[PDB]
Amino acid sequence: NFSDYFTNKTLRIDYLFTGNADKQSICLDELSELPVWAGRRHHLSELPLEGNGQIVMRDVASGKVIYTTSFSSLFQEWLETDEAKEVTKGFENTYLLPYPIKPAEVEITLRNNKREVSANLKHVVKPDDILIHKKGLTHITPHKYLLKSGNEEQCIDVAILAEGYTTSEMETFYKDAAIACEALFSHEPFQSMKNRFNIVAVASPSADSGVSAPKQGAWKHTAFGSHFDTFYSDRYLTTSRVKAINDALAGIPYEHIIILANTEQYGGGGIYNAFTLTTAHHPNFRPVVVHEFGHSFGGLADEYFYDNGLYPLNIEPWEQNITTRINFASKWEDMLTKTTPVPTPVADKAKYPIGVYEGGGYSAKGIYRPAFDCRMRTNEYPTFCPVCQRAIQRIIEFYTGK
């Protein structure tokens, strides 16, 4: 099947998402070619999760769907901030597609939290277009495999990138990458699925040590320009230099990205099929990086809650570890016992390792999570809950087989 439509290369597409809270738009930045296809070769027309946006590639001749994938984005977060009620802003976003033999139509769609299409772009890619930038042939960033279970066609390729490390302190970065990798494969189900993964540490250099702190007026020259005070939230570390992130990796096989920042301050986050970014020298580095990978690889939701609006109570979330009980049969109903009370009182929690516990996806009321505590709820707790474990296991099997 795969070779009916694709060569063993990557069509990398860089998009800009732009707009404000009332109107959003997608445009094309650049088309690139990478030397191998590291993604999947089966289930090419299906998705593992809905995401908040989707890309669908169709063969122009037949109209068949030949590849699809889904994601979330930082842009869709910025859309909730107060700056989005005032000015129109733009964000870089990058997707890897298998490289087609014949012309292919690519359609990318963003959805809002009511699941309405908020932006859409359909465009034809001609595989012999001379303006497709060929990348990853020379000057490949120095890197080392931490775990090499197989070739990139059969294993899930995870790249760990360096932010705020100079060339002359990569020893520290490779140590931090190993710690992150060890933390990840001490959690089930990653632990028993360890031979499905390749982990490569990529020593992308920065001119300065550390990351930028705008509030202190301390701006640094780093590989990806990460900075605190994102959206004027003091503690929120991000980078928006997505083209620079992917250029650092060109020529190295990769499907998922973890970025490690050389700093002890708390900060970071993960976004489904975008990347994880986290600080490597904070005391909670080990549980936090795994929690972020739960978002960025697992597509899981946050299970903690306050006393909101992101998850409308009349829609079933696409994330697998929270429910509004609108279509609970598609979630973890089948993992409950025939008598588990719905909702599950915290008094009887010892009785119900899996239940339907009120509180999750930031709301105390109307959203429910699968267990009382979980890596997706708190750093102190030692494991993913059984529902998150099944969710992650299903992602792994979608890409590497039962």
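All residue numbers refer to positions in the sequence shown, first residue = 1.
Student: Please count the deposited residues lying between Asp307 and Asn308 that the model leaves without coordinates, and give the class: none, 1 to 3, 4 to 9, or 10 or more.
Tutor: Unresolved stretch here: 4 to 9 residues.
Student: With respect to the recorded C-alpha B factors, which stretch has the higher mean value, 341-349 or 365-373?
Tutor: It is 341-349.
Student: If you take the mean CA temperature factor per stretch, which one wins between 103-111 and 215-223?
Tutor: Mean B over CA atoms: larger for 215-223.
Student: Tell me, please, which of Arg241, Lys85, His123, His256 has the highest C-alpha B factor according to the deposited entry?
Tutor: Within the set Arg241, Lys85, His123, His256, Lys85 shows the top C-alpha B-factor.
Student: Checking the record values for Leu137, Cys155, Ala159, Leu277, which has the greatest CA B factor?
Tutor: The C-alpha B-factor peaks, among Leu137, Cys155, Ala159, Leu277, at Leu137.
Student: Would you check the entry's CA temperature factor for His143 and let me know if it's in the chain's lowest, middle or highest third?
Tutor: Within its chain, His143 is a middle-third residue by C-alpha B-factor, going by the deposited values.
Student: Would you mind ranking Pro312 by its C-alpha B-factor against the rest of the chain and naming the third, lowest, middle or highest?
Tutor: Top third by C-alpha B-factor.
Student: Splitting the chain's C-alpha B-factors into thirds, which one does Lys331 fall into?
Tutor: Middle third.
Student: Taking the C-alpha B-factors as the PDB entry records them, is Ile179 in the lowest, middle or highest third of its chain?
Tutor: Within its chain, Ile179 is a middle-third residue by C-alpha B-factor, going by the deposited values.
Student: Quick one: classify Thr378 as lowest, middle or highest third of the chain based on its Cα B-factor.
Tutor: For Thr378, the deposited C-alpha B-factor lands in the highest third.
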